[PDB]
Amino acid sequence: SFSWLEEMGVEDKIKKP
Amino acid sequence: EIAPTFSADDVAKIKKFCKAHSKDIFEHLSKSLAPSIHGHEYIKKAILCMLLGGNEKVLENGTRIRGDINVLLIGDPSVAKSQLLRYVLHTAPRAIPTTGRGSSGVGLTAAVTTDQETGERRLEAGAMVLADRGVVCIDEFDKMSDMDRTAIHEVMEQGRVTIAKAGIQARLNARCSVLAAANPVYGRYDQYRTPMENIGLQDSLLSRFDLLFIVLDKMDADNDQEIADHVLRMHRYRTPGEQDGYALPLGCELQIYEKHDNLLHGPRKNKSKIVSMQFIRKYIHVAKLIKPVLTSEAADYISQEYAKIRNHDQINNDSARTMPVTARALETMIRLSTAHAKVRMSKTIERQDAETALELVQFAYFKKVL
Amino acid sequence: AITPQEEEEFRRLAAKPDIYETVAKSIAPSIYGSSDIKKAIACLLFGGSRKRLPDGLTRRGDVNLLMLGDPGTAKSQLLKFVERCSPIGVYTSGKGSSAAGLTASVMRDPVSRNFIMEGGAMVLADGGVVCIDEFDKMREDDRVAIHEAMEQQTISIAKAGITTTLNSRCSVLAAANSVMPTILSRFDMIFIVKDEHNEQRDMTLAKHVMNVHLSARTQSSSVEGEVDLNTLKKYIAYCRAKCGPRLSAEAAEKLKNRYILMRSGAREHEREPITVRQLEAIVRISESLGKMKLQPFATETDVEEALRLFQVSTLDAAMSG
Amino acid sequence: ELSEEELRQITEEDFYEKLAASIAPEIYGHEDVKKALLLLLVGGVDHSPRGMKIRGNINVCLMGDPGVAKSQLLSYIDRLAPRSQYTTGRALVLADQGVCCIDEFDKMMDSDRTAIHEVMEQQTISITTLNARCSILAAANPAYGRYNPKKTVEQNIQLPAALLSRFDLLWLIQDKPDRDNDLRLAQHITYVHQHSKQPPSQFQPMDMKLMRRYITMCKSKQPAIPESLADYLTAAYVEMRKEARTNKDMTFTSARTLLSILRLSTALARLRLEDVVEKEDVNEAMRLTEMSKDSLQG
Ligand SMILES: Nc1ncnc2c1ncn2[C@@H]1O[C@H](COP(=O)(O)OP(=O)(O)OP(=O)(O)O)[C@@H](O)[C@H]1O
Ligand SMILES: Nc1ncnc2c1ncn2[C@@H]1O[C@H](COP(=O)(O)OP(=O)(O)OP(=O)(O)O)[C@@H](O)[C@H]1O
Ligand SMILES: Nc1ncnc2c1ncn2[C@@H]1O[C@H](COP(=O)(O)OP(=O)(O)OP(=O)(O)O)[C@@H](O)[C@H]1O
């Protein structure tokens, strides 16, 4: 799931739990 | 504030929502944006595009292209203009409401004030300065002082209010999206008169805004029947779990859809689904984070459509025209295309985003689809 | 602090079918005439029903009046009496001492250098009634405060760095001699209190005033058929804190049909108007009546009475002007 | 400062047009306007013959329909100038020895317009006098929503005629619904928003820092007008005045016109790093003046 956020270059700036 | 924490299940839900609604996701979000208000499809679409926003391009020499969309609503009273402002204030983060007149002597922009008890001068920030990188829901745009208009010119154009009086040379950042509403001066809106005549203002201020929706009060029997039915349905609603006759005390897992209640949603043969507010907020945040990049096909299509639009505006224009088609329409179309690309979760703009942007722009200017 | 005996008394009093007329008479016994105004004040005192939708937006349940007319019709006495019958109330006179505050203010005590955050009279009268006299003489700042409070029901304080937003949910009852237009548009019912030269009415009024002056010594004389002020206060508080009604389907159908007919007729007349706002005002009046009779559903008679009151006040005000 | 290698790189002829195009490459077109802005930035040459003070500051006014990138040029000039202050119609002292960008110039106050007259005639503010050696760049818009060639300059843009006449160069920019030009402009804007830079051109755009260095270097030189060339000035001015008396509808080629021509010629020679005003400078000044004149005509 978090990989898909990294796919669009967004996981770096998303507040993970 | 409130941190919008995300979990793995939340990301899975968002991905599933994107996949199952690869098309017409924009339609679902626009419909679910505000269920209480009936109609006003294009206004809701423009509000959603404003919430998502655009992209800021900073060029090598340092010139900056603003990436925020501004919307203004002029029309007759009792058409629920202020309700849309309240919904925007309740949904978007960092929304600051104003009354149009200004915040005491400060006004919409920033100003220097003295204490009058010790004589010391302090720089108090107006509402536009406070809501930096946010949304300002200005209401009653007409009730505005001349100095406020002159300052708003520069604030909306550059995005950086400059104050140098009283020896305090400073520049403050005021990059904010402005959503404003106004009422006619003559009681009822005169269609023949130009918008600047009806609102009682200048014309360059109208040029600053990206979109100009004119909402007229229609007295068609069918429309009145539908609106009355919706209002009565909303006004007979009882929250589940309440004993009939109870009165409010007045004390002093992410869900994709909402539970179907026939009174609120309406029994459209159970064919209508409304997304919950929390999901809308999280999806809007994730959409805000992304930054798309334009492609050649979109550029060609937008250029040709702009040429056709300006040619069509040169001809006809016999009836009342909301606004002339200047070169700012190109910037508006690019920003709307980026907003639609964001809402679709894609990272590259394609032709469909340009098509939706063209529909919105044509409805905003020509008041008629295509 | 209500004993069970008083609750039983309230139930017995509400059970009567003639509670509405009794409450109408009980308001301002000294003032002669103006039955319709008294009924409207009763509707204001009992108030509508507040609602909350899933989106989080809350529809207000207050009712606002406005009394325009020639001087000498005893508006101020009526306002003072209303202020003494609501469980929560306040009286502010326009332009007199700046009509109390009407604006939440942040002054600085010079000796202690502290900053004190007094709320306006509207904040103090949350969930009650705010009686304003001389509405047209209001100071501009208080006019802005009234404009803000009647729309969003949240008074905001942004001075000297301090930035907060208070809460004010009050029914505004104002009276003015003559005609700002936006605020007059916000009001639900606008009563134009004219004067009549019926010889019987004039003679009765003169006799009543003369008898009052004669019996100034006999002020201990009581009145019959009315309700004591403390009893009225307790009854209003109990009804407000216990029963919140809703419309019924048949009443909704009747109201929708009447609204459609009214709008069609108005459009046809303009070819030779009622808006959704006034429809919601009528809904709130019907709910206030239903709450007054301590029932969980408002019947069709409530809708008819609300329509009659609206026609008497707002439609007549529009036609006369 | 600068280096000799940069001197060789910018010493090639036609570098005048190169620096003109290097100003705001994003804006499509308006080449003569860019040349006028460059002349304003460099400025003319001050002189004191027999104690007669002759200022060299150049003032340019941009007029025409709204939304034709006036504010873009104003902001770019304000940023590129070493010392400048951006302000709306509703200060001058802080702009001393710099450029004062005044946007929305038509919404000013005539009470301050008297002081602006004083500055444009004296470069001082007499209250004790404060130096106000600031070149003024102004942008104005029509008061009827559009510019009408039928109406005069004063009618379309409500402003006293004399103050309009004070400006060295007055530019009228009209927006025309031409299909081909609109298509080119759309391609230009899409390219700018796509590649995050201007489209490729014949000459590489100059950098801002090198531009400032060369502007300062040109400011160092102070050329003077020879009297031999002045005879051609007599012929040019007598012909210009004959044309002015041919049709008196437009602004007369008054003494201010000749003084502005001299200042422009001196500035052009200044940019060419020459100490003597030549025939080419007068020709270029006349070309700019006639281009502005044709822009005014509709
Ligand atoms: N579809 C609808 N069209 C019009 N009014 C609606 C609709 N649905 C609900 N309403 C109701 O109409 C009323 C209009 O609200 P509001 O006071 O914001 O009106 P407005 O005339 O737009 O406002 P403003 O006074 O700020 O110009 C509200 O009570 C709202 O709930
Ligand atoms: N039934 C009545 N109708 C009219 N006037 C009455 C009645 N009973 C008494 N009055 C007298 O009429 C006068 C009106 O007083 P009041 O100040 O309340 O009203 P007003 O003149 O309408 O007010 P305002 O000048 O503040 O608008 C008082 O002297 C009051 O005693
Ligand atoms: N060569 C050009 N011709 C026309 N428009 C252009 C050109 N280059 C860019 N534009 C576009 O024109 C717009 C410039 O708007 P801007 O705010 O600068 O207008 P303005 O004419 O200075 O305003 P106003 O006179 O109304 O105060 C931008 O959208 C920009 O992308």
# chains A, B, ... in the order shown; residues from 1 in each chain; ligands from 1
$ residues_around --residues "residue C:280" --least-positions-apart "5" --cutoff "9 Å" --atoms "only C-alpha atoms" --output "list in words"
residues 231, 232 and 235 of chain B; 285 of chain C
$ write_last_selection --atoms "N, CA, C and O atoms" --output "short mmCIF file (atom, residue, chain, number, x, y, z; two decimals), in the first residue's frame"
data_model
loop_
_atom_site.label_atom_id
_atom_site.label_comp_id
_atom_site.auth_asym_id
_atom_site.auth_seq_id
_atom_site.Cartn_x
_atom_site.Cartn_y
_atom_site.Cartn_z
N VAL B 231 -36.16 20.99 0.49
CA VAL B 231 -36.07 21.73 1.74
C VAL B 231 -36.92 21.07 2.82
O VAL B 231 -36.49 20.92 3.97
N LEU B 232 -38.13 20.65 2.46
CA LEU B 232 -38.99 20.00 3.45
C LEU B 232 -38.42 18.66 3.89
O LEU B 232 -38.48 18.31 5.08
N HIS B 235 -35.83 19.39 6.34
CA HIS B 235 -36.37 19.93 7.58
C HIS B 235 -37.24 18.95 8.36
O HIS B 235 -37.69 19.29 9.45
N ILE C 285 -42.04 28.72 12.51
CA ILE C 285 -43.22 29.14 13.27
C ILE C 285 -44.11 27.94 13.59
O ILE C 285 -44.63 27.81 14.71
#
$ residues_around --residues "residue B:83" --least-positions-apart "4" --cutoff "10 Å" --atoms "only C-alpha atoms" --output "ChimeraX atom specification"
/B:34,36-37,79,87-89 /C:57
$ residues_near_ligand --ligand "ligand 1" --cutoff "7 Å" --atoms "only C-alpha atoms and all ligand atoms" --output "list in words"
residues 36, 37, 38, 39, 76, 77, 78, 79, 80, 81, 82, 83, 139, 140, 182, 183, 227 and 231 of chain B; 276, 277 and 280 of chain C
$ write_last_selection --atoms "N, CA, C and O atoms" --output "PDB file, in the first residue's frame"
ATOM      1  N   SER B  36     -26.879  19.069   0.827  1.00  0.00           N
ATOM      2  CA  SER B  36     -28.054  19.829   1.247  1.00  0.00           C
ATOM      3  C   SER B  36     -28.500  20.802   0.164  1.00  0.00           C
ATOM      4  O   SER B  36     -29.700  20.960  -0.089  1.00  0.00           O
ATOM      5  N   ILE B  37     -27.548  21.465  -0.489  1.00  0.00           N
ATOM      6  CA  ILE B  37     -27.882  22.408  -1.549  1.00  0.00           C
ATOM      7  C   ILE B  37     -28.267  21.642  -2.807  1.00  0.00           C
ATOM      8  O   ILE B  37     -27.564  20.717  -3.231  1.00  0.00           O
ATOM      9  N   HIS B  38     -29.386  22.026  -3.411  1.00  0.00           N
ATOM     10  CA  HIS B  38     -29.888  21.372  -4.608  1.00  0.00           C
ATOM     11  C   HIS B  38     -29.417  22.111  -5.854  1.00  0.00           C
ATOM     12  O   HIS B  38     -29.424  23.343  -5.907  1.00  0.00           O
ATOM     13  N   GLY B  39     -29.010  21.341  -6.862  1.00  0.00           N
ATOM     14  CA  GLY B  39     -28.538  21.938  -8.096  1.00  0.00           C
ATOM     15  C   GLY B  39     -27.142  22.520  -7.953  1.00  0.00           C
ATOM     16  O   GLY B  39     -26.353  22.117  -7.094  1.00  0.00           O
ATOM     17  N   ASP B  76     -29.047  36.820  -7.549  1.00  0.00           N
ATOM     18  CA  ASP B  76     -30.173  37.239  -6.734  1.00  0.00           C
ATOM     19  C   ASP B  76     -30.041  36.680  -5.322  1.00  0.00           C
ATOM     20  O   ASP B  76     -29.328  35.702  -5.093  1.00  0.00           O
ATOM     21  N   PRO B  77     -30.709  37.289  -4.347  1.00  0.00           N
ATOM     22  CA  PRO B  77     -30.680  36.750  -2.986  1.00  0.00           C
ATOM     23  C   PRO B  77     -31.541  35.502  -2.853  1.00  0.00           C
ATOM     24  O   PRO B  77     -32.344  35.168  -3.724  1.00  0.00           O
ATOM     25  N   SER B  78     -31.344  34.810  -1.729  1.00  0.00           N
ATOM     26  CA  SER B  78     -32.072  33.580  -1.409  1.00  0.00           C
ATOM     27  C   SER B  78     -31.830  32.494  -2.454  1.00  0.00           C
ATOM     28  O   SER B  78     -32.748  31.776  -2.854  1.00  0.00           O
ATOM     29  N   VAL B  79     -30.580  32.373  -2.904  1.00  0.00           N
ATOM     30  CA  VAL B  79     -30.169  31.326  -3.828  1.00  0.00           C
ATOM     31  C   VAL B  79     -29.023  30.496  -3.254  1.00  0.00           C
ATOM     32  O   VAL B  79     -28.355  29.767  -3.986  1.00  0.00           O
ATOM     33  N   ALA B  80     -28.781  30.605  -1.948  1.00  0.00           N
ATOM     34  CA  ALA B  80     -27.808  29.780  -1.231  1.00  0.00           C
ATOM     35  C   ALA B  80     -26.375  30.038  -1.682  1.00  0.00           C
ATOM     36  O   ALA B  80     -25.606  29.098  -1.882  1.00  0.00           O
ATOM     37  N   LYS B  81     -26.001  31.307  -1.856  1.00  0.00           N
ATOM     38  CA  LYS B  81     -24.602  31.627  -2.120  1.00  0.00           C
ATOM     39  C   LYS B  81     -23.763  31.495  -0.856  1.00  0.00           C
ATOM     40  O   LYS B  81     -22.645  30.969  -0.892  1.00  0.00           O
ATOM     41  N   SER B  82     -24.286  31.970   0.277  1.00  0.00           N
ATOM     42  CA  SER B  82     -23.517  31.937   1.517  1.00  0.00           C
ATOM     43  C   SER B  82     -23.378  30.518   2.049  1.00  0.00           C
ATOM     44  O   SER B  82     -22.422  30.211   2.770  1.00  0.00           O
ATOM     45  N   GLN B  83     -24.326  29.641   1.717  1.00  0.00           N
ATOM     46  CA  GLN B  83     -24.240  28.262   2.182  1.00  0.00           C
ATOM     47  C   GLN B  83     -23.046  27.548   1.562  1.00  0.00           C
ATOM     48  O   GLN B  83     -22.381  26.740   2.223  1.00  0.00           O
ATOM     49  N   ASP B 139     -17.420  37.386   1.978  1.00  0.00           N
ATOM     50  CA  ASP B 139     -18.851  37.505   1.757  1.00  0.00           C
ATOM     51  C   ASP B 139     -19.231  38.975   1.646  1.00  0.00           C
ATOM     52  O   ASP B 139     -18.637  39.841   2.292  1.00  0.00           O
ATOM     53  N   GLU B 140     -20.235  39.245   0.811  1.00  0.00           N
ATOM     54  CA  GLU B 140     -20.667  40.610   0.511  1.00  0.00           C
ATOM     55  C   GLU B 140     -19.509  41.430  -0.050  1.00  0.00           C
ATOM     56  O   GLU B 140     -19.034  42.391   0.559  1.00  0.00           O
ATOM     57  N   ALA B 182     -21.549  38.208  -3.869  1.00  0.00           N
ATOM     58  CA  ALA B 182     -22.088  39.556  -3.782  1.00  0.00           C
ATOM     59  C   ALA B 182     -23.543  39.556  -4.223  1.00  0.00           C
ATOM     60  O   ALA B 182     -24.011  38.632  -4.891  1.00  0.00           O
ATOM     61  N   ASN B 183     -24.250  40.611  -3.842  1.00  0.00           N
ATOM     62  CA  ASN B 183     -25.659  40.798  -4.143  1.00  0.00           C
ATOM     63  C   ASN B 183     -25.851  42.037  -5.007  1.00  0.00           C
ATOM     64  O   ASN B 183     -25.036  42.966  -4.964  1.00  0.00           O
ATOM     65  N   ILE B 227     -37.206  22.270  -5.360  1.00  0.00           N
ATOM     66  CA  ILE B 227     -36.498  22.913  -4.256  1.00  0.00           C
ATOM     67  C   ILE B 227     -37.312  22.830  -2.972  1.00  0.00           C
ATOM     68  O   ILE B 227     -36.768  22.554  -1.896  1.00  0.00           O
ATOM     69  N   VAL B 231     -36.162  20.989   0.486  1.00  0.00           N
ATOM     70  CA  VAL B 231     -36.073  21.734   1.740  1.00  0.00           C
ATOM     71  C   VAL B 231     -36.919  21.068   2.816  1.00  0.00           C
ATOM     72  O   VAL B 231     -36.489  20.920   3.966  1.00  0.00           O
TER      73      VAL B 231
ATOM     74  N   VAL C 276     -37.421  30.894  -0.573  1.00  0.00           N
ATOM     75  CA  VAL C 276     -37.240  29.737   0.300  1.00  0.00           C
ATOM     76  C   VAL C 276     -36.989  30.168   1.739  1.00  0.00           C
ATOM     77  O   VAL C 276     -37.351  29.456   2.686  1.00  0.00           O
ATOM     78  N   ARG C 277     -36.373  31.336   1.928  1.00  0.00           N
ATOM     79  CA  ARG C 277     -36.107  31.837   3.273  1.00  0.00           C
ATOM     80  C   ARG C 277     -37.399  31.977   4.070  1.00  0.00           C
ATOM     81  O   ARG C 277     -37.486  31.551   5.229  1.00  0.00           O
ATOM     82  N   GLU C 280     -38.814  28.648   5.099  1.00  0.00           N
ATOM     83  CA  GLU C 280     -38.187  28.131   6.311  1.00  0.00           C
ATOM     84  C   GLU C 280     -38.671  28.880   7.547  1.00  0.00           C
ATOM     85  O   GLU C 280     -38.813  28.290   8.625  1.00  0.00           O
TER      86      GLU C 280
END
$ select_by_dssp --residues "chain A" --states "helix (DSSP H, G or I)" --output "list in words"
residues 2, 3, 4, 5, 6, 7, 11, 12 and 13 of chain A
$ write_last_selection --atoms "C-alpha atoms" --output "mmCIF file, in the first residue's frame"
data_model
loop_
_atom_site.group_PDB
_atom_site.id
_atom_site.type_symbol
_atom_site.label_atom_id
_atom_site.label_comp_id
_atom_site.auth_asym_id
_atom_site.auth_seq_id
_atom_site.Cartn_x
_atom_site.Cartn_y
_atom_site.Cartn_z
ATOM 1 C CA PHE A 2 2.696 2.480 1.013
ATOM 2 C CA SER A 3 4.581 1.494 -2.148
ATOM 3 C CA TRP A 4 1.783 3.018 -4.235
ATOM 4 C CA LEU A 5 2.304 6.277 -2.344
ATOM 5 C CA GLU A 6 6.003 6.045 -3.215
ATOM 6 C CA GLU A 7 5.005 5.323 -6.826
ATOM 7 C CA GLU A 11 5.057 8.682 0.511
ATOM 8 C CA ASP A 12 7.995 10.891 1.521
ATOM 9 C CA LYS A 13 5.565 13.644 2.583
#
$ residues_near_ligand --ligand "ligand 3" --cutoff "6 Å" --atoms "only C-alpha atoms and all ligand atoms" --output "MDAnalysis selection string"
(chainID B and resid 204 327:328 331) or (chainID D and resid 27:29 66:72 141)
$ residues_around --residues "residue D:215" --least-positions-apart "6" --cutoff "12 Å" --atoms "only C-alpha atoms" --output "VMD selection string"
chain D and resid 1 to 2 10 16 19 to 20 38 to 43 80 to 82 208 to 209 221 267 270 to 273
$ residues_near_ligand --ligand "ligand 2" --cutoff "6 Å" --atoms "only C-alpha atoms and all ligand atoms" --output "PyMOL selection string"
chain C and resi 31-32+71-77+177
$ closest_residue --among "D:48, D:247, D:187, D:292" --to "residue B:307" --atoms "only C-alpha atoms"
D:187
$ residues_around --residues "residue B:335" --least-positions-apart "5" --cutoff "9 Å" --atoms "only C-alpha atoms" --output "MDAnalysis selection string"
chainID B and resid 49 53:55 67:69 330 340 357
$ write_last_selection --atoms "N, CA, C and O atoms" --output "PDB file, in the first residue's frame"
ATOM      1  N   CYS B  49     -12.416  22.265  -7.800  1.00  0.00           N
ATOM      2  CA  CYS B  49     -11.166  22.615  -8.468  1.00  0.00           C
ATOM      3  C   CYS B  49     -10.387  23.649  -7.667  1.00  0.00           C
ATOM      4  O   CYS B  49      -9.153  23.602  -7.610  1.00  0.00           O
ATOM      5  N   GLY B  53      -6.711  23.104  -6.389  1.00  0.00           N
ATOM      6  CA  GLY B  53      -5.736  24.093  -6.798  1.00  0.00           C
ATOM      7  C   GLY B  53      -4.942  23.680  -8.024  1.00  0.00           C
ATOM      8  O   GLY B  53      -5.276  22.736  -8.743  1.00  0.00           O
ATOM      9  N   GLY B  54      -3.863  24.423  -8.258  1.00  0.00           N
ATOM     10  CA  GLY B  54      -2.999  24.176  -9.396  1.00  0.00           C
ATOM     11  C   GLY B  54      -1.545  24.000  -9.009  1.00  0.00           C
ATOM     12  O   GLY B  54      -1.246  23.565  -7.893  1.00  0.00           O
ATOM     13  N   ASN B  55      -0.632  24.335  -9.917  1.00  0.00           N
ATOM     14  CA  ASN B  55       0.800  24.204  -9.685  1.00  0.00           C
ATOM     15  C   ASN B  55       1.490  25.540  -9.911  1.00  0.00           C
ATOM     16  O   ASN B  55       1.142  26.281 -10.835  1.00  0.00           O
ATOM     17  N   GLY B  67      -0.618  29.646  -8.870  1.00  0.00           N
ATOM     18  CA  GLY B  67      -1.341  28.414  -9.117  1.00  0.00           C
ATOM     19  C   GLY B  67      -2.593  28.253  -8.280  1.00  0.00           C
ATOM     20  O   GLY B  67      -2.883  27.154  -7.800  1.00  0.00           O
ATOM     21  N   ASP B  68      -3.342  29.337  -8.092  1.00  0.00           N
ATOM     22  CA  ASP B  68      -4.567  29.318  -7.302  1.00  0.00           C
ATOM     23  C   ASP B  68      -5.711  29.835  -8.159  1.00  0.00           C
ATOM     24  O   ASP B  68      -5.520  30.749  -8.967  1.00  0.00           O
ATOM     25  N   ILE B  69      -6.893  29.251  -7.986  1.00  0.00           N
ATOM     26  CA  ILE B  69      -8.058  29.631  -8.777  1.00  0.00           C
ATOM     27  C   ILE B  69      -8.998  30.467  -7.919  1.00  0.00           C
ATOM     28  O   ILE B  69      -9.252  30.141  -6.754  1.00  0.00           O
ATOM     29  N   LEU B 330      -6.147  31.416 -20.954  1.00  0.00           N
ATOM     30  CA  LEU B 330      -5.182  30.338 -21.141  1.00  0.00           C
ATOM     31  C   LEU B 330      -4.627  29.857 -19.806  1.00  0.00           C
ATOM     32  O   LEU B 330      -4.536  28.646 -19.557  1.00  0.00           O
ATOM     33  N   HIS B 340      -7.836  18.937 -12.533  1.00  0.00           N
ATOM     34  CA  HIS B 340      -8.508  17.693 -12.896  1.00  0.00           C
ATOM     35  C   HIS B 340      -7.527  16.525 -12.927  1.00  0.00           C
ATOM     36  O   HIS B 340      -7.867  15.406 -12.520  1.00  0.00           O
ATOM     37  N   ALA B 357     -11.729  21.133 -18.476  1.00  0.00           N
ATOM     38  CA  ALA B 357     -11.399  22.537 -18.267  1.00  0.00           C
ATOM     39  C   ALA B 357     -12.109  23.418 -19.285  1.00  0.00           C
ATOM     40  O   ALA B 357     -12.607  24.500 -18.951  1.00  0.00           O
TER      41      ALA B 357
END
$ residues_around --residues "stretch 200-215 of chain C" --least-positions-apart "5" --cutoff "9 Å" --atoms "only C-alpha atoms" --output "PyMOL selection string"
chain C and resi 32-33+220-221
$ residues_around --residues "stretch 161-169 of chain D" --least-positions-apart "4" --cutoff "8 Å" --atoms "only C-alpha atoms" --output "PDB file with C-alpha atoms, in the first residue's frame"
ATOM      1  CA  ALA D  36      12.647  51.702 -24.310  1.00  0.00           C
ATOM      2  CA  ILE D  58      14.144  58.955 -18.752  1.00  0.00           C
ATOM      3  CA  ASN D  59      10.465  58.369 -17.953  1.00  0.00           C
ATOM      4  CA  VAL D  60       8.374  55.824 -19.876  1.00  0.00           C
ATOM      5  CA  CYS D  61       4.600  55.349 -19.674  1.00  0.00           C
ATOM      6  CA  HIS D 117       5.016  67.632 -11.660  1.00  0.00           C
ATOM      7  CA  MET D 120       9.527  65.715 -13.148  1.00  0.00           C
ATOM      8  CA  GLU D 154      -7.073  62.340 -22.186  1.00  0.00           C
ATOM      9  CA  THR D 251       0.882  66.267 -29.423  1.00  0.00           C
ATOM     10  CA  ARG D 256      10.442  68.641 -24.622  1.00  0.00           C
ATOM     11  CA  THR D 257      10.424  66.385 -27.689  1.00  0.00           C
ATOM     12  CA  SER D 260      13.997  63.780 -25.020  1.00  0.00           C
ATOM     13  CA  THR D 289       9.821  58.332 -31.336  1.00  0.00           C
ATOM     14  CA  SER D 292       5.590  55.564 -30.327  1.00  0.00           C
TER      15      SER D 292
END
$ interface_residues --of "chain C" --to "chain B" --cutoff "7 Å" --atoms "only C-alpha atoms" --output "MDAnalysis selection string"
chainID C and resid 50 242:247 252 256 260 264 267 275:277 295:296
$ interface_residues --of "chain B" --to "chain D" --cutoff "8 Å" --atoms "only C-alpha atoms" --output "PyMOL selection string"
chain B and resi 57-61+63+147+150+154+164+203-204+293-295+299-300+303-304+306-307+310-311+314+326-328+330
$ closest_atom_pairs --of "chain A" --to "chain B" --cutoff "8 Å" --atoms "only C-alpha atoms" --output "Markdown table"
| residue | atom | partner | partner_atom | distance |
| --- | --- | --- | --- | --- |
| A:1 | CA | B:12 | CA | 6.0 |
| A:2 | CA | B:8 | CA | 6.9 |
| A:8 | CA | B:347 | CA | 7.2 |
| A:9 | CA | B:290 | CA | 7.7 |
| A:10 | CA | B:290 | CA | 6.6 |
| A:13 | CA | B:289 | CA | 7.9 |
| A:14 | CA | B:6 | CA | 7.7 |
| A:15 | CA | B:5 | CA | 5.6 |
| A:16 | CA | B:6 | CA | 5.7 |
| A:17 | CA | B:7 | CA | 5.8 |
$ select_by_dssp --residues "stretch 99-231 of chain C" --states "strand (DSSP E or B)" --output "PyMOL selection string"
chain C and resi 105-108+115-118+129-133+156-159+162-165+171-176+189-193
$ residues_around --residues "residue C:312" --least-positions-apart "6" --cutoff "12 Å" --atoms "only C-alpha atoms" --output "NGL selection string"
:C and (35-37 or 39-40 or 189-193 or 305-306 or 318-320)
